[PDB]
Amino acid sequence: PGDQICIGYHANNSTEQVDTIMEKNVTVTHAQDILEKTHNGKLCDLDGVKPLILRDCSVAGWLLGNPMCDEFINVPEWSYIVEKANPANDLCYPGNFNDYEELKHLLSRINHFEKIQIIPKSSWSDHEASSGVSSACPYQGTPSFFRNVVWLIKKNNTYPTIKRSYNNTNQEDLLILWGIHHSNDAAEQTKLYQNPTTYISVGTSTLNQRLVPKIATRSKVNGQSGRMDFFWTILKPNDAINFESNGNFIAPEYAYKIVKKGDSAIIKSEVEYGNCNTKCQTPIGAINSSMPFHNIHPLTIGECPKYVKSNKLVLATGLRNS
């Protein structure tokens, strides 16, 4: 009374569980994990392109040339930029970087600069180019100053009016930096420049700036109670920039050619380099994965698995075994 056929299904030794609306933890035959949960806690090249690691410098400290950043005076094409939460080297000398976050944002859109010399330090016949330095900005113990801009001083007790132009005869855009010095009282104003009433005008087809020092009494910072305020502009190819001042001028010397625009990023990370390489990067480490999702960190650069806030994410691919 036998000779029987039966219909049935697969089973195996699998503990791989999934969840559903009506049930949790349902062991099934086969499942597919879709969430990347794992990273190497190291920052890397992406891909075959090393990031620009500013160490302990800030972006400000880098572009102005804070003496403790001479390390970055000449710098190759980069993939992304890495800044600490709080770089200790920003402005050796206190003050302001005007439009700083707007500039920082331009950077994320830029893969490579090319420092050039637009107004040679040696071209100041009737002013003192090499005497402006501070114990606030020190290089190798000796007092120094930002390396990309020049703190002009009166030469033989006279500060004639300045009139320098510079013509961008390059093909690329130019990032130009310059500053103004706020002194502490008439006395000091008299010491560095002769003139007591002072201004700085900057012109370009776009720019129309006028600046007057606020000679005033401020709390000491890095030992200095005076202040510097910096300002920047993109000078277009064929455009030209004209400075005019009778004192307190912090002139450009080196400006940067934007030679390459790309997808970059400034990221804040304390984690350090690893001579490795990846195609996806995260502030807390890199990702080699084939998953479609990950829960490492919301900020990524490069081709990445999309981010999710989940610990567990698995597709039931098989049926409900026992």
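Position 1 is the first residue in the sequence shown; the rest follow in order.
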| query | finding |
| --- | --- |
| Stretch exceeding the other in mean C-alpha B-factor - 227 to 235, 106 to 114 | 106 to 114 |
| Mean Cα B-factor comparison, 30 to 38 or 251 to 259, giving the higher one as deposited | 30 to 38 |
| C-alpha B-factor winner, where the candidates are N98, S79, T161, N86 | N86 |
| Top Cα B factor in the deposited entry, candidates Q189, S201, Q140, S205 | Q140 |
| Ranked against its chain, the third holding the CA B-factor of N295 | lowest |
| Record-listed C-alpha B factor of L313: chain third | middle |
| Record-listed C-alpha B factor of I73: chain third | highest |
| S130 - Cα temperature factor, lowest/middle/highest third of chain | highest |
| For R147, the third of its chain into which the C-alpha B factor falls | lowest |
